[PDB]
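query.txt (compact mmCIF, N, CA and C atoms) appears below.
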```txt
# COMPACT_ATOMS: atom_id res chain seq x y z
N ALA A 1 77.26 65.33 37.67
CA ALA A 1 77.02 65.87 39.00
C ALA A 1 75.55 66.24 39.19
N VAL A 2 74.83 66.34 38.08
CA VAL A 2 73.40 66.65 38.12
C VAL A 2 72.59 65.52 37.50
N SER A 3 71.56 65.09 38.20
CA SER A 3 70.74 63.98 37.75
C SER A 3 69.34 64.11 38.32
N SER A 4 68.44 63.23 37.89
CA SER A 4 67.12 63.21 38.48
C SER A 4 67.21 62.95 40.00
N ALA A 5 68.15 62.09 40.39
CA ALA A 5 68.40 61.80 41.79
C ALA A 5 68.87 63.02 42.58
N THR A 6 69.78 63.81 42.03
CA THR A 6 70.27 64.97 42.79
C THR A 6 69.15 65.99 43.00
N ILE A 7 68.32 66.16 41.98
CA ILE A 7 67.18 67.05 42.08
C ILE A 7 66.21 66.56 43.13
N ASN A 8 65.83 65.29 43.07
CA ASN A 8 64.93 64.75 44.08
C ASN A 8 65.48 64.78 45.50
N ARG A 9 66.77 64.53 45.64
CA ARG A 9 67.42 64.53 46.94
C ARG A 9 67.38 65.95 47.54
N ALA A 10 67.70 66.93 46.71
CA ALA A 10 67.68 68.31 47.19
C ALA A 10 66.26 68.78 47.52
N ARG A 11 65.31 68.48 46.64
CA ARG A 11 63.93 68.89 46.87
C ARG A 11 63.37 68.23 48.12
N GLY A 12 63.64 66.93 48.30
CA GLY A 12 63.18 66.19 49.45
C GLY A 12 63.80 66.69 50.74
N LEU A 13 65.12 66.61 50.84
CA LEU A 13 65.79 66.91 52.10
C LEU A 13 65.68 68.39 52.47
N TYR A 14 65.99 69.26 51.52
CA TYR A 14 66.02 70.69 51.86
C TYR A 14 64.60 71.25 51.86
N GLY A 15 63.76 70.78 50.94
CA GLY A 15 62.37 71.18 50.98
C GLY A 15 61.74 70.80 52.31
N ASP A 16 62.06 69.61 52.82
CA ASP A 16 61.49 69.20 54.11
C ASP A 16 62.03 70.06 55.26
N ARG A 17 63.32 70.41 55.21
CA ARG A 17 63.86 71.33 56.22
C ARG A 17 63.11 72.66 56.21
N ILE A 18 62.79 73.14 55.01
CA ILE A 18 62.06 74.40 54.89
C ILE A 18 60.61 74.27 55.37
N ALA A 19 59.94 73.19 55.02
CA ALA A 19 58.57 72.99 55.45
C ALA A 19 58.48 72.86 56.96
N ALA A 20 59.51 72.28 57.57
CA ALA A 20 59.53 72.07 59.01
C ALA A 20 59.56 73.38 59.79
N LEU A 21 59.84 74.48 59.10
CA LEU A 21 59.85 75.80 59.75
C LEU A 21 58.46 76.35 60.07
N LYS A 22 57.40 75.63 59.73
CA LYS A 22 56.04 76.16 59.88
C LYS A 22 55.76 76.71 61.28
N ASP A 23 56.09 75.93 62.31
CA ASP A 23 55.87 76.38 63.68
C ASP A 23 56.73 77.60 64.04
N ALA A 24 57.99 77.61 63.62
CA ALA A 24 58.85 78.76 63.88
C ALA A 24 58.27 80.02 63.24
N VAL A 25 57.78 79.88 62.01
CA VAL A 25 57.16 81.00 61.32
C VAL A 25 55.92 81.48 62.07
N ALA A 26 55.09 80.54 62.51
CA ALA A 26 53.88 80.90 63.25
C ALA A 26 54.21 81.63 64.54
N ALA A 27 55.31 81.23 65.18
CA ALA A 27 55.67 81.75 66.50
C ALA A 27 56.51 83.01 66.45
N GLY A 28 56.96 83.39 65.25
CA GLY A 28 57.87 84.51 65.10
C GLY A 28 59.31 84.20 65.50
N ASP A 29 59.67 82.92 65.42
CA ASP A 29 60.99 82.44 65.84
C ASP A 29 61.95 82.56 64.66
N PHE A 30 62.42 83.77 64.41
CA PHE A 30 63.18 84.05 63.20
C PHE A 30 64.56 83.39 63.22
N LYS A 31 65.12 83.21 64.41
CA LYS A 31 66.41 82.53 64.55
C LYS A 31 66.39 81.14 63.89
N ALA A 32 65.30 80.40 64.05
CA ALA A 32 65.22 79.06 63.47
C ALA A 32 65.32 79.12 61.93
N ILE A 33 64.68 80.15 61.39
CA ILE A 33 64.67 80.34 59.95
C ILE A 33 66.09 80.68 59.50
N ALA A 34 66.73 81.62 60.19
CA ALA A 34 68.11 81.97 59.85
C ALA A 34 69.06 80.77 59.98
N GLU A 35 68.76 79.88 60.92
CA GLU A 35 69.56 78.70 61.11
C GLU A 35 69.36 77.72 59.97
N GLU A 36 68.26 77.86 59.22
CA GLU A 36 68.12 77.05 57.98
C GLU A 36 68.55 77.69 56.63
N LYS A 37 69.36 78.75 56.71
CA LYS A 37 69.85 79.44 55.51
C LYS A 37 70.38 78.47 54.47
N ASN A 38 71.16 77.49 54.94
CA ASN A 38 71.74 76.53 54.02
C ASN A 38 70.70 75.68 53.31
N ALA A 39 69.57 75.42 53.96
CA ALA A 39 68.50 74.66 53.32
C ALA A 39 67.93 75.49 52.19
N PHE A 40 67.80 76.79 52.41
CA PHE A 40 67.36 77.63 51.28
C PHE A 40 68.36 77.62 50.12
N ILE A 41 69.63 77.82 50.44
CA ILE A 41 70.66 77.85 49.40
C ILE A 41 70.67 76.55 48.59
N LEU A 42 70.67 75.43 49.30
CA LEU A 42 70.85 74.12 48.67
C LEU A 42 69.57 73.61 48.00
N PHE A 43 68.40 74.03 48.50
CA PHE A 43 67.18 73.80 47.74
C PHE A 43 67.25 74.56 46.44
N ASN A 44 67.56 75.85 46.53
CA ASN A 44 67.54 76.66 45.32
C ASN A 44 68.53 76.17 44.26
N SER A 45 69.72 75.75 44.68
CA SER A 45 70.74 75.28 43.73
C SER A 45 70.50 73.83 43.27
N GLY A 46 70.03 73.00 44.17
CA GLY A 46 69.86 71.57 43.87
C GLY A 46 68.57 71.22 43.16
N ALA A 47 67.50 71.93 43.50
CA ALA A 47 66.22 71.74 42.81
C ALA A 47 66.24 72.33 41.41
N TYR A 48 67.05 73.36 41.21
CA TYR A 48 67.13 74.06 39.94
C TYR A 48 68.55 74.14 39.38
N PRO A 49 69.14 72.98 39.03
CA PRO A 49 70.51 72.95 38.53
C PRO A 49 70.70 73.63 37.17
N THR A 50 69.64 73.72 36.38
CA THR A 50 69.77 74.19 35.01
C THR A 50 68.85 75.36 34.70
N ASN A 51 67.66 75.36 35.29
CA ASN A 51 66.67 76.40 35.02
C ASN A 51 67.01 77.68 35.78
N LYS A 52 67.67 78.61 35.09
CA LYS A 52 68.12 79.84 35.72
C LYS A 52 66.97 80.76 36.12
N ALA A 53 65.88 80.74 35.36
CA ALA A 53 64.73 81.56 35.70
C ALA A 53 64.13 81.14 37.05
N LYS A 54 63.94 79.84 37.24
CA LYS A 54 63.39 79.34 38.49
C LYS A 54 64.33 79.57 39.66
N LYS A 55 65.63 79.36 39.43
CA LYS A 55 66.61 79.63 40.47
C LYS A 55 66.61 81.11 40.86
N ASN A 56 66.63 81.99 39.87
CA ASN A 56 66.63 83.42 40.18
C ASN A 56 65.38 83.81 40.97
N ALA A 57 64.24 83.23 40.60
CA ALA A 57 62.99 83.51 41.31
C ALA A 57 63.07 83.02 42.75
N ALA A 58 63.64 81.84 42.93
CA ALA A 58 63.75 81.24 44.26
C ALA A 58 64.66 82.06 45.16
N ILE A 59 65.76 82.55 44.59
CA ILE A 59 66.68 83.41 45.33
C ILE A 59 65.96 84.70 45.71
N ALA A 60 65.22 85.30 44.78
CA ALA A 60 64.46 86.50 45.12
C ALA A 60 63.44 86.28 46.25
N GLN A 61 62.74 85.15 46.21
CA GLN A 61 61.73 84.83 47.24
C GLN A 61 62.39 84.58 48.59
N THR A 62 63.58 83.99 48.54
CA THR A 62 64.37 83.78 49.76
C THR A 62 64.78 85.13 50.37
N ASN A 63 65.28 86.01 49.51
CA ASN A 63 65.64 87.35 49.95
C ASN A 63 64.44 88.05 50.57
N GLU A 64 63.26 87.84 49.99
CA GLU A 64 62.04 88.45 50.54
C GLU A 64 61.75 87.94 51.96
N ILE A 65 61.89 86.63 52.16
CA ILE A 65 61.76 86.09 53.52
C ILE A 65 62.71 86.80 54.48
N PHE A 66 63.97 86.94 54.09
CA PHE A 66 64.92 87.57 55.01
C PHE A 66 64.74 89.09 55.22
N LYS A 67 64.20 89.78 54.22
CA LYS A 67 63.84 91.20 54.33
C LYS A 67 62.72 91.33 55.36
N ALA A 68 61.76 90.42 55.27
CA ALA A 68 60.67 90.41 56.24
C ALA A 68 61.16 90.11 57.65
N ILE A 69 62.09 89.15 57.77
CA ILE A 69 62.69 88.85 59.06
C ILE A 69 63.35 90.09 59.64
N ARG A 70 64.09 90.81 58.82
CA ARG A 70 64.75 92.00 59.34
C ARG A 70 63.75 93.06 59.76
N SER A 71 62.61 93.14 59.06
CA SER A 71 61.57 94.08 59.50
C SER A 71 60.92 93.69 60.84
N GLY A 72 61.08 92.44 61.25
CA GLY A 72 60.46 91.95 62.47
C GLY A 72 58.97 91.70 62.36
N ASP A 73 58.43 91.86 61.15
CA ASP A 73 56.99 91.71 60.90
C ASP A 73 56.63 90.24 60.69
N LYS A 74 56.00 89.64 61.70
CA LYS A 74 55.66 88.22 61.66
C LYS A 74 54.73 87.87 60.49
N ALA A 75 53.75 88.73 60.25
CA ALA A 75 52.80 88.52 59.16
C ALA A 75 53.51 88.52 57.80
N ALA A 76 54.43 89.47 57.62
CA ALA A 76 55.17 89.58 56.37
C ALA A 76 56.07 88.37 56.17
N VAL A 77 56.66 87.88 57.26
CA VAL A 77 57.50 86.69 57.18
C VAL A 77 56.66 85.51 56.75
N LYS A 78 55.50 85.35 57.38
CA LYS A 78 54.63 84.24 56.99
C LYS A 78 54.20 84.33 55.53
N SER A 79 53.85 85.53 55.08
CA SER A 79 53.46 85.73 53.68
C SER A 79 54.58 85.34 52.72
N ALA A 80 55.79 85.80 53.01
CA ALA A 80 56.94 85.49 52.15
C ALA A 80 57.28 84.00 52.14
N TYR A 81 57.20 83.38 53.31
CA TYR A 81 57.48 81.95 53.48
C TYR A 81 56.48 81.10 52.70
N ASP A 82 55.20 81.41 52.88
CA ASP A 82 54.15 80.72 52.15
C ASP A 82 54.31 80.93 50.64
N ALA A 83 54.67 82.14 50.23
CA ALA A 83 54.85 82.41 48.80
C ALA A 83 56.00 81.58 48.22
N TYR A 84 57.09 81.49 48.97
CA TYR A 84 58.25 80.71 48.56
C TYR A 84 57.88 79.23 48.43
N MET A 85 57.21 78.70 49.44
CA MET A 85 56.81 77.31 49.35
C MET A 85 55.86 77.02 48.20
N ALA A 86 54.87 77.88 48.01
CA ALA A 86 53.89 77.66 46.94
C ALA A 86 54.56 77.74 45.57
N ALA A 87 55.43 78.72 45.40
CA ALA A 87 56.06 78.94 44.09
C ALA A 87 57.02 77.82 43.73
N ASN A 88 57.54 77.14 44.75
CA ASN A 88 58.54 76.12 44.52
C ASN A 88 58.05 74.69 44.73
N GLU A 89 56.74 74.55 44.89
CA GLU A 89 56.10 73.25 45.07
C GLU A 89 56.67 72.50 46.26
N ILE A 90 56.99 73.24 47.31
CA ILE A 90 57.38 72.60 48.56
C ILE A 90 56.11 72.45 49.37
N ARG A 91 55.75 71.20 49.66
CA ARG A 91 54.50 70.94 50.33
C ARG A 91 54.66 71.01 51.84
N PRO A 92 53.65 71.50 52.55
CA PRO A 92 53.73 71.49 54.01
C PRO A 92 53.81 70.06 54.54
N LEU A 93 54.26 69.92 55.78
CA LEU A 93 54.34 68.59 56.37
C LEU A 93 52.99 68.19 57.00
N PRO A 94 52.75 66.88 57.17
CA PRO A 94 51.43 66.47 57.69
C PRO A 94 51.07 67.11 59.03
N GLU A 95 49.92 67.77 59.08
CA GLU A 95 49.54 68.59 60.24
C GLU A 95 48.78 67.83 61.33
N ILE A 96 49.04 66.53 61.44
CA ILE A 96 48.41 65.69 62.46
C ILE A 96 49.44 65.15 63.46
N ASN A 97 50.64 65.72 63.39
CA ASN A 97 51.61 65.66 64.47
C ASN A 97 51.76 67.12 64.85
N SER A 98 51.32 67.98 63.93
CA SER A 98 50.94 69.35 64.26
C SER A 98 49.59 69.29 64.97
N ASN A 99 49.53 68.38 65.93
CA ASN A 99 48.47 68.21 66.90
C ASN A 99 48.87 69.15 68.05
N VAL A 100 49.72 70.10 67.69
CA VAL A 100 50.34 71.06 68.60
C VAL A 100 49.32 71.81 69.45
N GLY A 101 49.49 71.73 70.76
CA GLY A 101 48.65 72.45 71.70
C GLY A 101 47.29 71.83 71.95
N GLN A 102 47.11 70.57 71.57
CA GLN A 102 45.78 69.96 71.69
C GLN A 102 45.60 69.00 72.89
N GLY A 103 46.46 69.14 73.90
CA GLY A 103 46.35 68.40 75.16
C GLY A 103 47.70 67.81 75.59
N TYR A 104 48.56 67.61 74.62
CA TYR A 104 49.90 67.10 74.86
C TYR A 104 50.82 68.23 75.29
N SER A 105 51.93 67.85 75.91
CA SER A 105 52.90 68.83 76.40
C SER A 105 53.69 69.47 75.27
N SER A 106 54.37 70.59 75.58
CA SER A 106 55.22 71.22 74.59
C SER A 106 56.40 70.30 74.27
N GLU A 107 56.85 69.55 75.28
CA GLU A 107 57.96 68.61 75.08
C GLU A 107 57.58 67.54 74.05
N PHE A 108 56.37 67.03 74.15
CA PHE A 108 55.84 66.10 73.17
C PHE A 108 55.73 66.72 71.78
N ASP A 109 55.12 67.90 71.71
CA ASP A 109 54.92 68.56 70.42
C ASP A 109 56.22 68.76 69.63
N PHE A 110 57.30 69.11 70.32
CA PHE A 110 58.54 69.50 69.62
C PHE A 110 59.69 68.50 69.68
N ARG A 111 59.42 67.29 70.17
CA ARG A 111 60.43 66.24 70.21
C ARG A 111 60.48 65.48 68.89
```

Give the structure from this file in structure tokens form.
Amino acid sequence: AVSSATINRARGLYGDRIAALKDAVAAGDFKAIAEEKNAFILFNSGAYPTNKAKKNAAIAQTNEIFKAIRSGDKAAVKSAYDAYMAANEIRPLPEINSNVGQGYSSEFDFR
């Protein structure tokens, strides 16, 4: 049930769902983050099927994101989110469709 493929699939798909939250994090759109709870769970379990230390760390960092969300502190949420991504080698998505706000409509930016 665990293989190099399952690890890559989880890291790719769920890591990308998490990276895609960049705009929501910037905007303080905490609902979007809460709507990706499963991406956090399945990244943490699928990327770390055997390494309990890394999984425990990832769960703690996830909890930190949600503690910050409950505080309503946008800066704290961004700090926790960035820390989680950096610690777990989840790379941000290419920021040249993050051409957001540079002359194109909001409909274009978020479609």

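With only C-alpha atoms as the atoms that count, the residue of A:93, A:13, A:83, A:24 with the shortest distance to residue 57 of chain A is A:83.
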
Pick out the residues sitting within 12 Å of residue 111 of chain A, and hand them over as a PyMOL selection string; count only C-alpha atoms, and ignore anything fewer than 3 positions along from it in its own chain. chain A and resi 97-98+100+104-108

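If you look at atom CA of residue 41 of chain A and atom CA of residue 81 of chain A, they are 14.4 Å away from each other.
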
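Here atom N of residue 19 of chain A is placed at a distance of 10.6 Å from atom C of residue 88 of chain A.
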
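Put simply, atom CA of residue 56 of chain A is 12.2 Å away from atom CA of residue 43 of chain A.
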
Exercise: residues within 10 Å of coordinate (69.8, 70.1, 38.7), counting only C-alpha atoms, as a ChimeraX atom specification: /A:1-8,10,44-51

Kindly provide the residues of segment 24-52 of chain A that approach segment 65-77 of chain A to within 7 Å, each paired with its closest atom pair and their distance in Å to one decimal, based on all atoms listed in the file, listed by chain and increasing number, as JSON lines.
```
{"residue": "A:25", "atom": "CA", "partner": "A:77", "partner_atom": "C", "distance": 6.4}
{"residue": "A:28", "atom": "CA", "partner": "A:74", "partner_atom": "CA", "distance": 5.5}
{"residue": "A:30", "atom": "CA", "partner": "A:69", "partner_atom": "CA", "distance": 6.4}
```

List every residue of chain A that DSSP, applied to the backbone, labels as alpha helix (DSSP H), and write the result as a PyMOL selection string. chain A and resi 4-19+22-27+30-35+37-47+52-71+74-87+106-110

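Counting only N, CA and C atoms, the residue from A:96, A:87, A:15, A:78 that sits nearest to residue 39 of chain A is A:15.
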
Counting only C-alpha atoms, figure out which residue out of A:86, A:26, A:14, A:54 gets nearest to residue 38 of chain A. A:14

In terms of only N, CA and C atoms, the residue from A:79, A:11, A:17, A:60 at minimal distance from residue 36 of chain A is A:17
